[PDB]
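Trainee: Compute the structure for the input listed below.
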Amino acid sequence: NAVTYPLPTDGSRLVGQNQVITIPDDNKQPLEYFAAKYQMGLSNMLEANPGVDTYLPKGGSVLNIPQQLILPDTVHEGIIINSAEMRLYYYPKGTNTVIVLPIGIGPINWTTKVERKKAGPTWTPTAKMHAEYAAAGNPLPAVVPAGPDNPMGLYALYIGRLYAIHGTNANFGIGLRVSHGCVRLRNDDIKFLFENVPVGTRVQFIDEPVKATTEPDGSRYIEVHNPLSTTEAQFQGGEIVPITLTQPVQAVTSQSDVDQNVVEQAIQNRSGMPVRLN
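Mentor: Numbers count the residues shown, from 1 in each chain. Okay, here it is:
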């Protein structure tokens, strides 16, 4: 599996390899189709592919698949969710691997755990949402039954304070900020988590749009994504969205052998793909 990585045991955090594919000349598929095929988020695909058309990637163009990544600076235990890059990292007890799955969101810094998990979850809408639907004339049960029309999809992991990691019955959404729901995954991905994550697993939410590492061979890398709150205009350069380097990131990026032109280009581009600094 391209998104299951053996974990390095020497302190390395750079894992994986990028791919590049060619879009057929006769292509009719939107970007979401490629993102799903490669288990990527839509925003990650946009970041890695400047000017790509989400409606219809240009036939005969090339598409970068950003499967190389730096592991976030956290414990290598349980589930880590980094909303700024729309990724969920799972460090299973049963293996020495990390599985990296794309998510959609609708929590920034919080440590919790999986309290329970359910095949075929029921959805209990908010009193708010019901008020809105009822005025619109839309029927909304107090309890939406499990099944194919349930917006949590076919599996859920509950994590406390109301929240869940769940599926979706929609055709898009993973790698996007939406309204409603907590963390959503594509069908096969949520099923995989449901089958493999025990109740009691640690869950930690972080917000780290920039990651950097000094690896054991002395090489240094940065990876820059758009910050969580980024709008279309900030994305495309009609507005700016500011990125500040945290001190852990500076521990790498301020080193004496770093090419600061690579840092500045990385910060401007926000490509989502690791770039070597030295």
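
Trainee: Output the helix or strand residue 112 falls within as CSV - backbone C-alpha positions only.
Mentor: In the assignment (DSSP states H and E), residue 112 maps to strand 110-113. Only the C-alpha atoms of strand 110-113 are listed here, as CSV (Å, rounded to 0.1, in the frame of the first residue of the first chain):
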residue,chain,number,x,y,z
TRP,A,110,-6.4,18.2,22.1
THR,A,111,-5.5,14.7,23.2
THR,A,112,-8.3,12.2,23.7
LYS,A,113,-8.9,8.5,22.9
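
Trainee: Note down every partner strand of it and its orientation.
Mentor: Sheet pairing for strand 110-113, assigned by DSSP bridges, gives strand 202-206 (antiparallel).

Trainee: Enumerate the sheet neighbours of whatever helix or strand comes next after the strand holding residue 112, specifying parallel or antiparallel for every one.
Mentor: Later in the chain than strand 110-113, the nearest helix or strand by DSSP H and E is strand 116-119. Strand 116-119 pairs in its sheet with strand 155-160 (antiparallel), by DSSP bridges.

Trainee: same for the helix or strand that comes right after the strand it pairs with, what does it pack against?
Mentor: Sequence-wise, the next helix or strand downstream of strand 155-160 (DSSP H and E) is strand 163-166. Applying 3 or more CB pairs under 8 Å, 6 or more residues apart in numbering; DSSP states H and E, one finds that strand 163-166 makes contact with strand 155-160, strand 183-184, helix 187-196. Just so you know, the C-beta spots here come from the backbone N, C-alpha and C atoms, and that holds for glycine as well.

Trainee: repeat that with 6 Å
Mentor: Contact here means 3 or more CB pairs under 6 Å, 6 or more residues apart in numbering; DSSP states H and E; on that basis strand 163-166 packs against strand 155-160.

Trainee: from the chain's centre, how far out does the strand it packs on sit?
Mentor: Offset of strand 155-160 from its chain centre (CA atoms, centre = their mean, to the nearest Å): 17 Å.

Trainee: List the buried residues for it?
Mentor: Under the neighbour-count criterion of 16 or more other CB atoms under 10 Å, strand 155-160 has 155-159 buried.

Trainee: Among those, which one lies nearest to residue 116?
Mentor: Nearest to residue 116 out of these is residue 158 (CB to CB; 4.9 Å).

Trainee: Correct me if wrong: that closest one contacts residue 166.
Mentor: No. Here residue 158 does not reach residue 166: they are 8.8 Å apart, not a contact under CB atoms under 6 Å.

Trainee: Tell me where the chain has helices.
Mentor: Using DSSP state H, the helices of the chain run over 31-37, 42-48, 127-136, 187-196, 232-236, 247-253, 260-269.

Trainee: which residues sit against the shortest one?
Mentor: With CB atoms under 6 Å, 6 or more residues apart in numbering as the contact definition, helix 232-236 has outside contacts at 239, 241.

Trainee: Would you indicate which residues of the strand holding residue 112 are buried?
Mentor: Neighbour-count burial for strand 110-113 flags residue 112 (criterion: 16+ other CB under 10 Å).

Trainee: What of stretch 134-146?
Mentor: Within stretch 134-146, the residues scored as buried using 16+ other CB under 10 Å are 144, 146.

Trainee: and if you look at stretch 245-252?
Mentor: Buried residues in stretch 245-252 (16+ other CB under 10 Å): 245, 249, 252.

Trainee: try stretch 81-91
Mentor: The neighbour-count criterion (16+ other CB under 10 Å) identifies 81-91 as the buried residues of stretch 81-91.

Trainee: Repeat that for stretch 43-63.
Mentor: 43-49, 52, 57, 63.

Trainee: Share the number of residues neighbouring residue 151, please.
Mentor: 16 (other CB atoms under 10 Å).

Trainee: how near is it to residue 7?
Mentor: From residue 151 across to residue 7, the span is 34 Å (CB to CB, to the nearest Å).
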